[PDB]
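The chain below stands alone and is given as structure tokens, in the form deposited in one PDB entry.
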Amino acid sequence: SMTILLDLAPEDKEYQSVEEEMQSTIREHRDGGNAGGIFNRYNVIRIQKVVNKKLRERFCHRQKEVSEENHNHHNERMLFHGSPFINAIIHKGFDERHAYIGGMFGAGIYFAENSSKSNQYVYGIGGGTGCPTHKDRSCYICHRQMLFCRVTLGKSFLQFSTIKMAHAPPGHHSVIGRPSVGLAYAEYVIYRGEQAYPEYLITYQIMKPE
């Protein structure tokens, strides 16, 4: 459906809040930077607010159903999502028919509290072949994009190791993978696309350390 992208000004508190969450949640990955590249900082190019009436309608309708099953609590969290399918997401919304089958919690839609974890999926699973132009997973030239999303978690089912599932457990609305001594970083899983709204579209580069 019809999507409008509104540019946030770098001087605005809103743009600054999104960049602060993005920059401050960067951490070192176990693959030594193979999937997302080697960097300790991003160069934020643009931050846009995604406006889509039909997506907002579907998200708000689902929030009400979740609230009803969760003592009138949405349990909403702002979380990162990196994907080669950014264009489809901002126009058509998140779709569980395009879930990550290979995911450690089964065929769900995966979100991160660490921007660096989502950066590992911008070009595909495991970084795929990298940027389309230079076939480089650590490309410092190409402008990357990721989303900072409103995610309705409702009643979360907490897990610490791999358990493949198709849907959240009975009475639950999401699955959370927690880090332990185990997972390196937390993973947030929804099994219904309408439980996430792609609120912010961030255009950035990973920065090559000096």
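Each form is matched to the other, and the largest set of C-alpha atoms that superpose within 1.5 Å is called the rigid core. Numbers follow the displayed sequence, beginning with 1. Only residues modelled in both forms are compared.
Another form, the form deposited in another entry, is not on view; read the next lines as being about it.
When the two forms are overlaid on the rigid core, CA displacement between the shown form and the other one of 2 Å or more is confined, within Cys139, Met104, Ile90, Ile125, to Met104. For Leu158, the Cα coordinates differ by under 2 angstroms between the shown form and the other one after the core has been superposed. In that other deposited form, the Cα-Cα separation between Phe105 and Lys155 grows by 3 Å or more relative to the displayed conformation.
Compared with the form shown here, the C-alpha atoms of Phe105 and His74 sit at least 3 Å farther apart in that other deposited form. Shifted stretches between the shown form and the other one, defined as 3+ consecutive common residues each with a CA displacement of 2 angstroms or more after rigid core fitting, are listed in sequence order as 99-106, 162-164.
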